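Note that we place each Cβ from the backbone using ideal geometry, even for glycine, and neighbour counts take in every protein chain shown. Bear in mind these aren't lab numbers, they're just calculated from the coordinates by the rules spelled out.
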Amino acid sequence: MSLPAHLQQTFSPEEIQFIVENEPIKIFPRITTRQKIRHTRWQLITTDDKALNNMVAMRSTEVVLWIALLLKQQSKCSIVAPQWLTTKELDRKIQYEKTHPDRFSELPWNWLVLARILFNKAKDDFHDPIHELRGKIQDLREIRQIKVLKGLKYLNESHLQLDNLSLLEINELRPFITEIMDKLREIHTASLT
Amino acid sequence: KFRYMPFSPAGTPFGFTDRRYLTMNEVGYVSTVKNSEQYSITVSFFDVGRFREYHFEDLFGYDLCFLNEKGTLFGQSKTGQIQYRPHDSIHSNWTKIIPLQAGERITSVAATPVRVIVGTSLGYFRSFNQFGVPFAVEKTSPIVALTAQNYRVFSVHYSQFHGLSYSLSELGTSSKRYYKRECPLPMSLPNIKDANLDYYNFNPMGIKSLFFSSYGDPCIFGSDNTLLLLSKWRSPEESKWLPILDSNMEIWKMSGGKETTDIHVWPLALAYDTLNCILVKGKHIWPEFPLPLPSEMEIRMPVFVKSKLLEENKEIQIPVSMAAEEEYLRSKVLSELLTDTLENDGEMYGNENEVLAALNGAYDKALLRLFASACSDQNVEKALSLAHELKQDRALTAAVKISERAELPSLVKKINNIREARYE
Amino acid sequence: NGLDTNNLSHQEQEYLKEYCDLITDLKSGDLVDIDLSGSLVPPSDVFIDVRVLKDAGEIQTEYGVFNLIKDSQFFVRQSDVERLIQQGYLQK
Amino acid sequence: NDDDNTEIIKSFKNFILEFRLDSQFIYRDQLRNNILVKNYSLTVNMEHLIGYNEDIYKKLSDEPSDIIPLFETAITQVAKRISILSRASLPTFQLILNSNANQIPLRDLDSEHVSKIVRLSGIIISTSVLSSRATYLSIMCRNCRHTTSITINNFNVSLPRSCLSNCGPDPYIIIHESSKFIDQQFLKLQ
Amino acid sequence: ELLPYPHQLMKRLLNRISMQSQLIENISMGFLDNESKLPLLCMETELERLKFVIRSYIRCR
Amino acid sequence: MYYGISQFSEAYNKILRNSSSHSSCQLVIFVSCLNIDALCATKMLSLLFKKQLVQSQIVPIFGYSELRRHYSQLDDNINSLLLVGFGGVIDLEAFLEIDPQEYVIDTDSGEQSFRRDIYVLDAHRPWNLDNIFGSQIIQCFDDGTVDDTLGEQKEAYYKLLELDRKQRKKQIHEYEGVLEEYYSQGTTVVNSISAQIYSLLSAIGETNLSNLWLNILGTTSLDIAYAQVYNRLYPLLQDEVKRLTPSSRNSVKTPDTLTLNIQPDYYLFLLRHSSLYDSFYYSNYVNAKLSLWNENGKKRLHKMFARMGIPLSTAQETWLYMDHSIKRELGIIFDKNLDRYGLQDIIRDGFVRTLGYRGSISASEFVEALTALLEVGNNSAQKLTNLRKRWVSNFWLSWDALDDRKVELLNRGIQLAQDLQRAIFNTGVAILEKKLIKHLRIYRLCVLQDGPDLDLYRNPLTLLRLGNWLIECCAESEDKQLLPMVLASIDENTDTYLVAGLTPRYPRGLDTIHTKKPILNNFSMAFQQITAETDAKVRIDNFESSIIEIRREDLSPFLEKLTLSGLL
Ligand SMILES: [Zn+2]
């Protein structure tokens, strides 16, 4: 069959990765492609090409994440840390979480995956002590998982409202939640005449 | 009394460490490290594509370094040794020692793609060629800094008696032109903490750095931490320094109104409309060997009353009127300089024409916000003056429409007369 | 197959043969540009270093040739050698 | 004194919450999982503790009897912090160790090893049956009726003889109902 | 359920993919004949990713 | 001369200009396995090319014949060949029988060019003058040795080549004698190939902490044999360490915190990963000083530990589990009484990598573990092929070990090193008690026929380890003059003795007027001359010519010619 079973009703972490890389990101080029008014060109299709042919050294700009990672694999690019990825921001989110146990924080839908990617291949850029950032991310993960369990306590046929749950967590919990809801609905419907 | 010390743009002292940045700029940064007497000089280029990193050990202990795409100008003040190292490497690192009289200490070194410049504590300006062939020696007011961008050389002539002075000149391959000569430089010297003094020991003048603009307008950042740009530098008659940033105010702004201290903008180079500089959030105003990622901040006309913002806040809120005025002034000055450069030096990138067009648009629309503000005040005369400055007649249609929406028939009539006059 | 017959019933064997024919029909023609039989794993890595798990001699490539020599390592773009990896010749 | 004990507890808490290899807080995750299966107990590798900071390991070796309870208290606090939302109970956690260092033959053991963390091996000859050990006690004072309790550890105490709010030589008594106990086996090794 | 196959989208995408691959081959021929390959690598990866997405969708349906 | 140090960057740029094409890989890197520094150099080059994103291939090799056959199967598409630690002295053009005309293309014009490019990094010393001068397809990254020592050799070579009769004789014989004098001299590695590659990276500005660590490892591995080279290079590596050292000092230890700091690297064995007692018990220098091989040496070792005031029990405890007090005061302990026992030379400051909380490792211990992994990582011609296949697998295993992620492999290598070291020690003590060493007056022959450890000794590096330990003990033994040392090991499966010719060496600490002179190794030349004279089957294919094989019955006749040989 054209699709493996494990892919039948969800996305593996790799697909989540890919969809994340589809996003853009601040970067500081170490090259100046922009040709002076006084040559190989990108000419992409799925993303912008205007910026790429206008790279200027040490000039912030946006590029799709995967291109940024490709360059970062080379010494020719530097990945700018997203603002939300900052000790101040993480601490604020943690405090909000503790303040509102019922609700989740408004982290970027792709915060976990993005943080992991940057940590793996962008340790240099991170201004703050990388270890502290990893620890705070882990703490956020723990808190969100606890709140996930608390919400699960109230699993019901009618509906669910995850709100600010991150995409990675959503993919993680998709099978269990969906199946449980399906069985509960089946039971209740069977009860219906 | 004042002490004359070697200086390089955006340089950093050794401090307690054994390694310091000899200098840094858009092209790159060169940092040296003590190594068993012999010093290890490392030359780092920002643009990896343009050039290649290389590190050499300096027995002379050169403290003065100048960086430019063509090469580097390493020199030791106490010895008078000056060594040039062409980046291309096609040509050997020609080297020579200048005549240093008793107490004559090299204040700074300037590199020109064709000529070479050396400044001394005694003000003995010295000119050598790209291969080191001497050109001439001149006595002038002691030069503390020797910024040199392309063929434009900007020098800071200071003396205990002549005071603060600067000379702007573009030697060029020929037709050497002196835009200004030791004119008084309107900058504020530091007040006379331990790190601050040590930097002053490492930088008596307190110049955070010195460089030209992206397009090549002279840029200065004194201990006041205010970036001053010489508006109309190409024309001495209208030449004037304009404070395009007051780093302290901007930091207090982005800090959420908080009076942060550790933050220290380390001026690196001024991009157009944006300053490339490192925010050293530490006791040492200068950065550390593991140089962090340079930060970019847009220029800001300093017209924010901190009291107004504090009253608003009690994330900083800015009145739409005071904001609009600031954007008005910023766009005005930016368009001025942009047009000057475009007509005087063309454009290295064609986008500048469209940038200036959009800037004129933003200028007119800022006049329009302030026009609406005046109309709400019923100051139809002030609003009329505002519309008078309006550059675009289509924006003038917008303005007359605003006056109609502001219920100012006298205003509307005035702006209609303005429509006709501009049509004339 | 797109890339134990005894266990299969002759009807099952015929059906499997027909299914292979159908798949090759699909990948041939419109949509040929993409290789439906290709891996469903996203191509995260542009370049991958590979050690030949089993020596099989030199092999051809669109613009090159790979010499498969036991305990020899290659640094080549993943896409080019993905089929060989699926064939088990190449490691990592 | 109590400040130094709190400092040691904080150090162990930091070790648990910070000790990371590659990109995984192995001990944080292990604790979270063990809680998730209600197995309120943690296993720690000695080498890891040394790597985090030799000082804590050495202090543990010096006075295991007292250091270990503090470490278990730290484990309990970390478990509460990671498993129960703050400003929104768990039992004392068992701490498990693995030195993997040089062994000491059973015969060689002597006074020298007293109170020292020993590492050895053998064959278990027999196993006793589990008995009760009072982790926590509920205590009534016999005459003035003053309530109280004791939290005892299985290392290195007796019912207080003083009234603490003459009342008597040992007016305190155990209330088995409110008290809490654990299991304790006895094994013999050759 | 199976969603209505957005014919036009895939038609245009496949046309773009075909022409992109062809012009990439042209650049390859030129290389065989600045010369920085970084944009070439970006092309190769972009085509790989797009083809992967299309293949995933096709196999799923 | 052919490619001097200054022009390494230019040669690298040429290599790029030739083989740089994403379309296909035109760069092949032949590497001779069984050489730590060679492996480090190859890894450094691999990383460099990875940065340059130039597709290439790695070819482990064990013997010259293997290299020949591999070149035979080469494809014309490949234009760049990198030879790591092999071929420097041989006439590769002759050995590979490369015809310039076969590869000549685009010669024009006073210019020349060829379709392929053979780059050689084999820094032994006796450079093949034809390779240096005669060949152009051959490229040799020379350390300047030619331009500093072979200038007269260059003149003589160019004169002889120029000659194409009393005057003819009066010149040709002197030039031939000059060339022969440059020949007939034993091989002796000149400098770390890793050092050359690190210098090249510095030229390309690619230097980073990892590259410096790799160079350190290569040089440290080279140390044991050519200690003088390690001494010469040590200041440079220390300089680079300081250069790349971060500004932050005493930064709080964190998992991400990684440092490469210089501090006392006591000249012992697996100190950090073995009990102090064991480390001393197997430190070649220690045994040589105290003759630990004899039981009286063990008694003296106990006496020394008592003098240290260290409980022996503690000395046998795992190093990671030492008491903090001893673990820190060991510096003073060594400062005291080391001279009393004459072991003061053990004290040595050296590079010591560390990372996060996982622990620390000395470059010496790291290279030791790497060698152990290289050695024990896992129809007669087929048997030899399978053995060399195991060696190649160990080579790739060490390559993997180089990565930090695979700390498990490094630990496995550490345990293997411990086991091999103890086995070597036991075999050496048994040999010395057996008095198998025979004073032949041309060498101290010691043939091996005992079963145990013989299987291990089939590996050339294992035999080298045993012989190195023996040579340490002998050199420390002042009674023994620096006689050439001969080792042979019969392989029952092949019924061949693994003959190894091991040069002598002045005491490690020895650094007087003598010891300065390098005792070149004529074992290889003597073996080759005897083999040519005789017909006893042997295998000079091994890149390390000093190591050769011979039939169980061809040994003693070959040994008889060897003692008869005057070349030694
Ligand atoms: Zn009482």
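Quick notes on this structure:
- In the set B:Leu291, B:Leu275, only one residue is within 14 Å of another protein chain (Cβ to nearest Cβ) and part of a loop (DSSP other than H, G, I, E, B); that residue is B:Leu291.
- The number of residues in the range F:123-178 that are aliphatic (A, V, I, L, M) and under 27 Å from the mean Cα position of the chain (by Cα) comes to 7.
- Leading residue by the ranking (nearest to the ligand (Cβ to nearest atom)) among those in the range D:107-117 that are aliphatic (A, V, I, L, M) and surrounded by 12 or more Cβ atoms within 10 Å (Cβ to Cβ): D:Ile117
- The range D:159-181, residues that are of a type in the set (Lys, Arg) and within 16 Å of the ligand (Cβ to nearest atom): D:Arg161
- Flag if C:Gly38 is part of a loop (DSSP other than H, G, I, E, B) and either out of contact with any helix residue (DSSP H, G or I) (no Cβ under 7 Å at 6 or more places or on another chain) or within 14 Å of chain F (Cβ to nearest Cβ) (or both): no
- Conditions (1) touching a helix residue (DSSP H, G or I) at 6+ places or on another chain (Cβ under 6 Å); (2) over 30 Å from D:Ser179 (Cα atoms); number of the one not met by D:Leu42: (2)
- Filter pass, D:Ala101 being away from the ligand (no atom under 16 Å from the Cβ), part of a strand (DSSP E or B) and surrounded by 12 or more Cβ atoms within 10 Å (Cβ to Cβ): no
- Residue match in the range B:66-84 (condition: within 14 Å of chain F (Cβ to nearest Cβ) and among the charged types (D, E, K, R)): no
- Options B:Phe74, B:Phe51: the member that is farther than 17 Å from B:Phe211 by Cα, in contact with a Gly (Cβ under 8 Å, 6 or more places away or on another chain) and not basic (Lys, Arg): B:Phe51
- If you go through the range F:384-438 and keep only what is touching a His at 6+ places or on another chain (Cβ under 9 Å) and over 23 Å from F:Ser274 (Cβ atoms), you end up with nothing.
- Test: residue in the range B:44-53 that is within 13 Å of another protein chain (Cβ to nearest Cβ) and assigned to a strand (DSSP E or B): yes
- Among residues of the range A:125-176, those that are among the small types (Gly, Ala, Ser) and assigned to a helix (DSSP H, G or I), counted: 2
- Residue in the range F:356-370 that is within 26 Å of the chain's Cα centre (by Cα) and part of a loop (DSSP other than H, G, I, E, B) present: no
- Residues of the range F:276-315 classified as within 14 Å of chain D (Cβ to nearest Cβ) and over 16 Å from F:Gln421 (Cβ atoms), total: 5
- Residue list for the range F:266-280, restricted to those being assigned to a loop (DSSP other than H, G, I, E, B) and not charged (D, E, K, R): F:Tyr266, F:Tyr267, F:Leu268, F:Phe269, F:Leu270, F:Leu271, F:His273, F:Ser274, F:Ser275
- When the range A:8-18 is filtered for residues that are within 11 Å of chain E (Cβ to nearest Cβ) and surrounded by 16 or more Cβ atoms within 10 Å (Cβ to Cβ), the ones remaining, listed by number, are A:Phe11, A:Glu15, A:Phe18.
- Flag for D:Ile125 being assigned to a loop (DSSP other than H, G, I, E, B), more than 16 Å from the ligand (Cβ to nearest atom) and either in contact with a strand residue (DSSP E or B) (Cβ under 8 Å, 6 or more places away or on another chain) or over 27 Å from D:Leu31 (Cα atoms) (or both): no
- The range D:137-158 - residue that is in contact with a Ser or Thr (Cβ under 6 Å, 6 or more places away or on another chain), closer than 30 Å to D:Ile67 by Cβ and outside any strand (DSSP E or B) and, of those, farthest from the ligand (Cβ to nearest atom): D:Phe155
- Selection count, the range E:28-57, where residues are surrounded by fewer than 16 Cβ atoms within 10 Å (Cβ to Cβ) and either at the interface with chain A (Cβ under 8 Å from one of its Cβ atoms) or touching a helix residue (DSSP H, G or I) at 6+ places or on another chain (Cβ under 6 Å) (or both): 3
- Restricting the range C:45-55 to residues that are within 9 Å of chain F (Cβ to nearest Cβ) and out of contact with any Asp or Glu (no Cβ under 8 Å at 6 or more places or on another chain), the residue that is nearest to A:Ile67 (Cα to Cα) is C:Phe47.
- Residue in the range A:57-65 that is among the basic types (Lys, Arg), within 27 Å of F:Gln52 (Cβ to Cβ) and either touching a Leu at 6+ places or on another chain (Cβ under 6 Å) or more than 9 Å from chain E (Cβ to nearest Cβ) (or both) present: yes
- Residue match in the range A:90-101 (condition: among the acidic types (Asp, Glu), in contact with a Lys or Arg (Cβ under 9 Å, 6 or more places away or on another chain), within 14 Å of chain D (Cβ to nearest Cβ) and surrounded by fewer than 14 Cβ atoms within 10 Å (Cβ to Cβ)): no
- Residue in the range F:12-63 that is farthest from the other protein chains (Cβ to nearest Cβ), counting only those that are among the aliphatic types (A, V, I, L, M) and in a loop (DSSP other than H, G, I, E, B): F:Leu34
- Pairs meeting the criteria (first residue in the range D:151-168 and farther than 17 Å from D:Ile182 by Cα and away from chain F (no Cβ under 14 Å), second residue within 11 Å of the ligand (Cβ to nearest atom) and of a type in the set (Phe, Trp, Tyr), beta carbons under 6 Å, at least 6 apart or on different chains) are D:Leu159/D:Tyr172; D:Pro160/D:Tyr172.
- Residue within the range B:321-333 that is charged (D, E, K, R), at negative phi and over 24 Å from the mean Cα position of the chain (by Cα) present: no
- For the range F:227-275, residues that are within 14 Å of chain B (Cβ to nearest Cβ) and under 30 Å from F:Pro504 (Cα atoms) total 5.
- The range C:56-91 - residue that is within 10 Å of another protein chain (Cβ to nearest Cβ) and part of a loop (DSSP other than H, G, I, E, B) and, of those, surrounded by the fewest Cβ atoms within 10 Å (Cβ to Cβ): C:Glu62
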